[PDB]
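Encoded as structure tokens, the following chain is the form solved without this ligand, with no partner shown.
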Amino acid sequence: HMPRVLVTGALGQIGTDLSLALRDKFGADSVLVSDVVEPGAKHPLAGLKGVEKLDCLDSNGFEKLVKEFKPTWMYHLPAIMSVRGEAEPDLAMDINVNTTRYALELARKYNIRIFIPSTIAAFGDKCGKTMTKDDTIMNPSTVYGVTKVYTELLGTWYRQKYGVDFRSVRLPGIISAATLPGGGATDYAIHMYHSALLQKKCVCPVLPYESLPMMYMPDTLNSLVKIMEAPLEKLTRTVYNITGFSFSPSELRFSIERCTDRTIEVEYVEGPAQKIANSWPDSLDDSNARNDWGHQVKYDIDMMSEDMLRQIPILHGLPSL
């Protein structure tokens, strides 16, 4: 049988692109997408049937929706991420912890296969930052990461105690042409693409040799669907590292220079993202994902850069190459 899929937190970047991919694969009638607010006027989800307002902090309203829709799969995606959560920790705990609590209880009660993402922010400086393993010391330096260590462990206990089919990946940095860049931990990368198209200096807040694991969004979407399709018996764990490729800001600059055939002006002035990024892995070991459920990626850094420099003009109006 084909799934009936509920997505919560659908107005995040991942949630939007995943929502659209699930509608495309399974049909709109089989997917229900929700968020605490309505999509913006020009948002990809605006005006679509099967898009609803749900406050997942209201456990009774969350239950009511799940009871009515009868999902077989849920992607529980609400999140307050690293930079934002350091300044708004109470909201981060509400969103990252309490809505997850409710989601897991609903998955138990209503027999739902439940995806809740984790993050490389779950790691800190004791992780072993070269080819970081799936099992290692977790000492996150952000309250986002703190909350996701707890999600990983609580979901895994729900699997052990009740047989809840809980699945998760530790998302690396996720690059998308749709991203509106600001002060996010990985937003330097998006700024650097924008500066290149604008032909303006980029002041990068992450230091030139600070490597991080990254993925291009099309690859992420493929993996998020694949892990949920996999037979349970093939999964040896609940929580998997997944990666595309690692890069540092200096390596991204060279990729962009190769793709534009221009010199790109970058200066480095450390900002808050650096301290956060330096506590994260340089690269991930994703072998368990590859072997258990066939995680794979199509894009490398130059293929990504050629597509980003095409798509940003289309989506944001910036000058083409």
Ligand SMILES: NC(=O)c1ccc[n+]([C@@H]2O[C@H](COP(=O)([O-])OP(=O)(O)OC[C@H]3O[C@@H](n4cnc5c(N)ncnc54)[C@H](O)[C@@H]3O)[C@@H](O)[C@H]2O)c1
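The numbering used is simple: start at 1 and walk along the sequence shown. Rigid core (definition): largest C-alpha set, two forms, superposition within 1.5 Å.
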Problem set entry | Mean temperature factor over C-alpha atoms, higher-scoring stretch between 168-176 and 196-204 | 196-204
For this session: Look over 112-120 and 79-87 in the entry and identify the one with the greater average Cα temperature factor.
Result: 79-87
For this session: In terms of CA temperature factor as recorded, identify the highest of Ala289, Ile256, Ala28, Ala273.
Result: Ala28
For this session: Could you say which of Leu252, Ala46, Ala277, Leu284 has its CA atom at the highest B factor, as listed in the PDB entry?
Result: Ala46
For this session: Could you look up the Cα B-factor of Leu235 in the entry and say which third of the chain it sits in: lowest, middle or highest?
Result: highest
Exercise. Going by what the PDB entry lists, where does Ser305 fall on CA B-factor within its chain: lowest, middle or highest third?
Worked result: lowest
For this session: Would you please rank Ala10 by its C-alpha temperature factor against the other modelled residues of its chain and give the third it falls in: lowest, middle or highest?
Result: middle
Exercise. C-alpha B factor of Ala21, ranked within the chain: lowest, middle or highest third?
Worked result: lowest
Exercise. How does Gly182 rank on Cα B-factor within its chain, lowest, middle or highest third?
Worked result: highest
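Separately, the form solved in complex with this ligand exists; it is not shown, and the next lines address it.
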Problem set entry | Heavy atom within 4.5 Å of this ligand in the bound PDB entry - the one residue of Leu45, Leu65, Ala28, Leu57 that qualifies | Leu57
Exercise. From the list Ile301, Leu22, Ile312, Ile14, which entry has a heavy atom within 4.5 Å of this ligand in the bound PDB entry?
Worked result: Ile14
Exercise. Can all three of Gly128, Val206 and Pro249 be found with a heavy atom no more than 4.5 Å from this ligand in the bound PDB entry?
Worked result: no
Exercise. Just to confirm, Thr99 within 4.5 Å of this ligand in the bound PDB entry by heavy atoms?
Worked result: yes
For this session: Answer for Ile264 alone: is it within 4.5 Å of this ligand in the bound PDB entry, judged on heavy atom distances?
Result: no
Problem set entry | Contact flag, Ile95 vs this ligand in the bound PDB entry, heavy atom cut 4.5 Å | yes
Exercise. With the partner left out of view, is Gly163 within 4.5 angstroms of this ligand in the bound PDB entry by any non-hydrogen atom?
Worked result: no
Problem set entry | Stretch from 101-109, 194-202, 239-247, 181-189 whose residues place a heavy atom within 4.5 Å of this ligand in the bound PDB entry | 181-189
Exercise. For 157-175: residues with a non-hydrogen atom within 4.5 angstroms of this ligand in the bound PDB entry?
Worked result: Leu171, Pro172, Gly173, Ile174
For this session: Would you indicate which listed residue, out of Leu153, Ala230, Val203, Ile137, moves its Cα by 2 Å or more between the shown form and the other one relative to the superposed core?
Result: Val203
Exercise. Once the two forms are fit on the core, has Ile264 moved its CA by at least 2 Å between the shown form and the other one?
Worked result: yes
For this session: For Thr99, decide whether the Cα shift between the shown form and the other one is 2 Å or greater, given a superposition on the rigid core.
Result: no
Problem set entry | Flag for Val83, CA shift 2 Å or larger between the shown form and the other one after aligning core | no
Problem set entry | Note on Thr179-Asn278 C-alpha separation in the bound PDB entry, which departs from the shown form by 3 angstroms or more | farther
